[PDB]
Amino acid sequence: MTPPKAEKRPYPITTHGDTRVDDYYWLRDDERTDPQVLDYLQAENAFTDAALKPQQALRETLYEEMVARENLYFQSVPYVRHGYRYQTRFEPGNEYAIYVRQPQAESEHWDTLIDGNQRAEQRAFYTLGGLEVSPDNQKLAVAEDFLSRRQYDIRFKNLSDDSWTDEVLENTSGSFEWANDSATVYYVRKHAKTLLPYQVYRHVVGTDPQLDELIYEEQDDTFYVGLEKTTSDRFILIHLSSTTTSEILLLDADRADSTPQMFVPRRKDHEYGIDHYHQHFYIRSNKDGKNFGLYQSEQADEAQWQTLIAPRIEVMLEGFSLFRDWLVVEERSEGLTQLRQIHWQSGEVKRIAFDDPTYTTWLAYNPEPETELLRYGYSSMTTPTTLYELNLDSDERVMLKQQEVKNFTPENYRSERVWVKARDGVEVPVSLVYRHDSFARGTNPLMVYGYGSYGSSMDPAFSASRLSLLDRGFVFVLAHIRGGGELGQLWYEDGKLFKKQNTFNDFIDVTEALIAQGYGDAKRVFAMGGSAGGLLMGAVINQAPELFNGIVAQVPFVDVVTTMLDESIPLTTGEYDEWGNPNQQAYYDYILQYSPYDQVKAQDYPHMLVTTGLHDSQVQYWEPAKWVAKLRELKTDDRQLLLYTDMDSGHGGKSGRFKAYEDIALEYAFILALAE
């Protein structure tokens, strides 16, 4: 079977001095119009369809496995907020959810806030970006996208008679906050071209959208604009944030005249985020360390910040929650997430204990501070995702809801925390899981997942889909490679920019170790990763093709240099502090040397499935497309290279959820076939 050969159109870049010829630069089209591009993608999709056609039997098997353990009757965990209990209801034969609420003192009746299906009537796309009731519980602001271009139209509704307002606020990010008069909101506007949150406008609910005065214009290109509100309900915060630096202006939520009040001016490498409660500010700042500390102050002035939790080399401070008698904080240490409660008055401390070798715990939704009930999540590789409600005074823990998993008995699966000494001497943590009865050291197929970017952690949690693999001899693995945030800020900074090469080394080292230690079969080694995890993939294969038999590169970021050079591509402006700006010989040199597209050599590669989305936009469909074209011309091997490009538009990971389960069946079948 001859794979599709793309038309070679030489296009030289030439930056700083050295020239890169890109044969497949023409594959980029920002409108998705070009028939000649469409053809290559259709051709490549058609080839994929043909190669994977005998696996249909398995795909359907896996699809129904993964669907028949998920209740189509899905209610949420109800939360109280402003005296009303709020729940989301999914029911079969209905694509979008129904959001309901009831008086906190009420049981019998439930009121419909917004029905997605009703709003979806007569429209081609629907995605709910935001939904929040005004402080007085009379009005309902909602951020909806009826065109699905990641750009939301805010509308207001009166819950008394379910009547809507005249006006509609357009071109927003969906991020808004009510003022305490319940007739005035601030909202974040994107630019007409760049389409990145940079403007904050004040609207008076029921007035003209033209007469919505601009409040703040964020000039610095690298700074994302956001809107939070404090626990005190006193200040609406304008949270400016780049990847290293941050700034916070305050808006008086009680006065209808309030200009942004400078909290603490932005300083390079000082990331801070605030809250307000008990007539105090509570700040999480990295001014005295990478790992962050919690600080208290009467006013904004940085000098006046008292230290509550000083930064440490060994414990990352991730987040916090305020309550009447207790402070509760999110922390990591030794590759485990953990929680702590600290009494404001007494100073008493209580850790929350857990046996599991590979688990994740986190702070859940706690909107009302005046309670002794903490709400925190938990998940592991053997235990479904679970929400608990702990009484901070009595230590009594009640489980509010589990993840519902049918045809699943937990005792069938073993999990392990394995450390691996990397080439440079650094201990890299690993969270693996396998089926008890299928295991036999050195025979089992091995799937190594990894991300390792932005300081994002691949914390060991539960996966219902993963059971399809485990129940076929597989040992699924999470590699907590540098670039993620599993071992704190240091772990991220040691896996980005000039130390990005550590990410890929860490991945290869973990896989080799696990093979050497007999966790998996050395012939049937497989890997997988998405977006920045697809960058991981594209590099790993270039440098260590021998290791893996098969690969799944999801929506991969493989054309690193060219993409980061070209400003017109969105996301690029914020990612300068991640990979680097190749408008510097320094970063150009380093980035290029791992950049998977620039590093495609004429050698053997593993079996590979590259996936992408055309009309999703923020995937960059061409990066994988070009990458395959080049892999096809250069690779020396007989093994299969397939490119599936999604040609849809609507939905994503919910409502049109089943598309997401089709894609995983496609990929799992692919791997399973190779692993036979």
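Start at 1 with the first residue shown and count on from there.
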| item | value |
| --- | --- |
| Mean Cα B-factor comparison, 12-20 or 653-661, giving the higher one as deposited | 653-661 |
| 33-41 versus 643-651 - greater average Cα B-factor per the deposited record | 643-651 |
| Top Cα B factor in the deposited entry, candidates 559, 220, 493, 506 | 220 |
| Selection from 547, 195, 532, 428 [criterion: highest C-alpha temperature factor in the record] | 195 |
| Residue 376 by Cα B-factor - lowest, middle or highest third of the modelled chain | lowest |
| Entry-reported Cα temperature factor of residue 293, expressed as the chain third it lands in | middle |
| Relative C-alpha B-factor of residue 121, binned into the chain's lowest, middle or highest third | highest |
| Residue 54 by Cα B-factor - lowest, middle or highest third of the modelled chain | lowest |
| Third of the chain's Cα B-factor distribution that residue 514 belongs to, per the entry | lowest |
